[PDB]
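Since the structure comes first, as structure tokens, the remarks are kept for the end.
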Amino acid sequence: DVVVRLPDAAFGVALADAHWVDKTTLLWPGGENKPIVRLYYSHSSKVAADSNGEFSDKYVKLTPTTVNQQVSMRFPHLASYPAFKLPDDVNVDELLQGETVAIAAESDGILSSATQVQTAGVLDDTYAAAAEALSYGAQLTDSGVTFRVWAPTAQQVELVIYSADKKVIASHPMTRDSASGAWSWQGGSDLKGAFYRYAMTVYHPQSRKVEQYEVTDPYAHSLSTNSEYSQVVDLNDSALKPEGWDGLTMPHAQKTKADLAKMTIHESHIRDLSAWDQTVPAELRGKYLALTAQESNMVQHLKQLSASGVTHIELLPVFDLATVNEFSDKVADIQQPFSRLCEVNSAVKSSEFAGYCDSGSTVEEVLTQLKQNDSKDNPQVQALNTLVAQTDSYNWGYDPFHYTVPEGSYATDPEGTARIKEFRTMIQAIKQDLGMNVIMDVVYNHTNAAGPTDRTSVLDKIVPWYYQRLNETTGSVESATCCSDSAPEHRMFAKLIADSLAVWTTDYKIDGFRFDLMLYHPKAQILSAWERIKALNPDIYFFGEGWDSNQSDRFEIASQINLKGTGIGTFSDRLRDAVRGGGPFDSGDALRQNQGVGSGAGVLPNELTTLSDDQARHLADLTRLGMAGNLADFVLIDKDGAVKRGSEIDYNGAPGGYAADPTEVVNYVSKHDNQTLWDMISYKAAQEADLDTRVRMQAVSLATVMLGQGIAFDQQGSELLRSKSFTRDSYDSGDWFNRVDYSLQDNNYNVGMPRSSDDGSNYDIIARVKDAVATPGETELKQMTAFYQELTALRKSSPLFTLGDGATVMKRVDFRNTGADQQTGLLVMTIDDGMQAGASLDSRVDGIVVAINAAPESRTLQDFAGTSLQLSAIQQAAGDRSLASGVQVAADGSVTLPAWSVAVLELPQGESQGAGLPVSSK
Ligand SMILES: OC[C@H]1O[C@H](OC[C@H]2O[C@@H](O)[C@H](O)[C@@H](O)[C@@H]2O)[C@H](O)[C@@H](O)[C@@H]1O
Ligand SMILES: [Ca+2]
Ligand SMILES: [Ca+2]
Ligand SMILES: [Ca+2]
Ligand SMILES: [Ca+2]
């Protein structure tokens, strides 16, 4: 065998485009048409030509071959690479212990290329099955405890035990299982509560070095402050459970599709909820336990929302996030002295705000004073707040540190197991006292960091290049998610995800999960996870969002269309965009030009828009389709009088309706990301639309969601006309811009120009529309909350609003005021319960009519003449505070609706089922 040598820098190892996908297959474009193709390896050293310019390291001979069908299906995106075969006698385990490098040279031996090797594929093929059959983490049983961590490429792994004061009390070399590649150590039950970390000795391809470092348990179920050490815990311990925990039941059913359809979500954040509530005990503000302060404005508010129809609370990241320091002395919040901020934040101390350091004001008081002179030319509020955000307690938390441990900063005591009971106490309070189910936001699509050096890199330190998705040529961790893209298509990560969800389900009694960027997950993986969880809780609900994956080349993604008929819900952006207007990418003038159905598209144009009546009627089509569950097979009459199925209604080049059942669709017009509903209406509302009209626009926008068949979802505060002062992405904009005032003084609008880094290009349009009308005050907030509760109350007032089954929707739901002769902005939906619909689902009525007049004109409906239509008792009871205030039902049967109004009419059921409102044949 000729000796590979350099030509007798540009000939040294470069890139990492070689892929060791299975025991005997290596896919690499470098050895193509090359005479000498080898796979060099070194246990403890780095391959490199010796001084003699020769690569005198051990290797295996690679022979050209064709990619098998097994590898082709597993990695479609690699099926194109030149395939190479390894001898069937090579010691895979031995080579995986160190560095492997693919080298190609000419017949004469001179090197032509050398590259690092990606081994995730061979890792699964070799150890996955065996490793999948085992359980991980610090498992505390009756006989004692068993620690287990998967580290198939590590040369050494030691279990390091620490005392409460964090002194090493023992370092145990673990036992490696040859079949699985997992390491374990069994001890006595006295290790309960002990802190620990795994001391790793493993080769990391990014640094090309056998690293030595201690890492927390990715299966950690308890942690020390700021997640520095994992901790042994038995979640079953009654000491970690609030009184009566085991008997906690779901206040709302989620068994049948009809049950699921009634879901009405309120997306909340732990600090957003209580950070500003002075009626919440000071020590609980921004904490899980704030939910237990029954006499506070916040809790009382949520209680009333629940009583009125809100069924679920969805929590932004409450798993262990990385972007908030849990050591209180390293943190400074706006309610504290500016002097504290200067001592914990050196950036502030060296800024133009340094002069406030020895002042006697709180940061909050300083921010308040900076408001008067704040403008697009002097955005001083955000300037100061941007420095504040670096060391405060605020962050949405979409930055996974540990997937199966509650976040520590939201606990009154972040050290050890304490947070576990506090978290459960909150869950119990929400379900038992507030009467709402709980949904958790999960972020398995990425990790906070990767590599062998970052503090928050956990998974990529233990099994390098396995848990992260890498670029096919460079080996670099991709960041399409934002951060460190994970690899759910890899078996052991899929298992980690499922095992994690099992704990949140069983041990924390979470009722549902919302997957962040779910389309970055293989459809097969999401479904497998659901199958495993349904075994634990048959009624658990899974849903997610995203819509910009780009991973189709690697596997079938969990997208809106691919999930059709699976029962997995997905946020629908169809009705969202049609009602809000425009899209998430809009900036500058487009923000004002792109009005939506909820802001007067076509019927009440602002001075910049160019929207045509046809474009406005198209949005109405998307809106009606959404109110009917955004079904692919739902039949309606479009803006041109044409008979169309939901899938035929275009949505920016994609088929609008995609679902099989309304329970697979989550409608919404506001969410944590992107501008709040109120800020969008402020950007879009015509100058002449007065304050009272804008409040009704907010209610009308929300009416399309609440009175629709899809699952209803809304952002915490929409009922309060919540504003973020135009901030589009407020994930790190602190308490200041994310403020929700449960004392009802204002909606946090106009409290300074938003962050310049992200909204700077919008300062011009903001200054132009910001002061159009007055800032909502207590009168407006109370009026909106009333409108909001009226809507949620109407949604649960009849099972006809939440049919659940797609076929049933098609059999009962229809629309009026459609076609080319339609009155723009008037949405009229009928729901049948008459003889022709089948069984009577509502003993009180034979049918319901939902009329939403999103227009500055009064509209008269003649469709139901002689039908004896009556206004809903719920709206009648609201009198002139109703969204239906002013509605009139004449003697003949015609109905007149005032501008910007919403009316729910009904056909009182007689002695027997009546004619109802049969769906018209099309
Ligand atoms: O902290 C990281 C990241 O958090 C926030 O984004 C989270 C996800 O938000 C979705 O709306 C978006 O589609 C995804 O791509 C994001 O991962 C925050 O908005 C962002 O600025 C931060 O980088
Ligand atoms: Ca944390
Ligand atoms: Ca912050
Ligand atoms: Ca890609
Ligand atoms: Ca009936």
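Residue indices begin at 1 and follow the sequence shown. Each ligand, and each atom within it, is numbered from 1 in the order the structure gives. Both backbone and side-chain heavy atoms feed into the values below; hydrogens, waters and symmetry mates do not.
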Item to check | 3.0 Å cut-off met by an N, O or S atom of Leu321 to the Ca ion (ligand 2) | outcome: yes
Checklist entry - Are any of the side-chain nitrogens in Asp729 or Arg755 under 4.0 Å away from the carboxylate oxygens of its partner? => result yes
Checklist entry - Considering the options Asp548, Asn550, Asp485, which one meets the side chain to side chain donor-acceptor pair (under 3.5 Å) requirement together with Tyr520? => result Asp548
Checklist entry - Quick check: does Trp396 get an N/O under 3.5 Å from an N/O on ligand 1? => result no
Checklist entry - What protein heavy atom sits nearest atom 2 (C) of ligand 1, and how far off is it? => result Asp399 OD1, 3.2 Å
Checklist entry - Polar-atom distance check: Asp548 versus ligand 1, any N or O pair below 3.5 Å? => result no
Next on the checklist: Under 4.0 Å and counting heavy atoms only, is there anything from the protein next to atom 6 (O) of ligand 1?
Outcome noted: no
Next on the checklist: To check your reading of the model: name the closest protein heavy atom to atom 16 (C) of ligand 1, its residue, and the distance in Å.
Outcome noted: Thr481 O, 3.8 Å
Checklist outcome for this item: Paired with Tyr403, the side chain to side chain contact (heavy atoms under 4.5 Å, CB included) test is passed by just one of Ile497, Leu496, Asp499, namely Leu496
Next on the checklist: For the 3.5 Å polar cut-off, considering only N or O atoms, please tell me whether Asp729 and ligand 1 meet it.
Outcome noted: yes
Item to check | Whether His446 side chain and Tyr398 backbone form a donor-acceptor pair below 3.5 Å | outcome: yes
Checklist entry - Between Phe319 and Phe401, does the ring centre distance come in under 6.0 Å? => result no
Next on the checklist: Need one value: angle at the Ca ion (ligand 2), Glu407 atom OE1 versus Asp320 atom OD1, rounded to 10 degrees.
Outcome noted: 90°
Checklist entry - Are any side-chain N or O atoms of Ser457 and backbone N or O atoms of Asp454, one a donor and one an acceptor, separated by less than 3.5 Å? => result no
Checklist entry - Among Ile427, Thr505, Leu501, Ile439, which one satisfies side chain to side chain contact (heavy atoms under 4.5 Å, CB included) with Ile510? => result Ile427
Checklist entry - Sub-3.5 Å donor-acceptor pair from the side chain of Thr570 to the main-chain atoms of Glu664, do we have one? => result yes
Item to check | Nearest non-hydrogen protein atom, atom 9 (O) of ligand 1 | outcome: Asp516 OD1, 4.4 Å
Next on the checklist: For atom 12 (C) of ligand 1, what is the closest protein heavy atom, and at what distance to 0.1 Å?
Outcome noted: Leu517 CD2, 4.2 Å
Checklist entry - Nearest to the Ca ion (ligand 2), which N, O or S atom of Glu326 do we find? => result OE2
Item to check | For atom 11 (O) of ligand 1, closest protein heavy-atom neighbour | outcome: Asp673 OD2, 2.7 Å
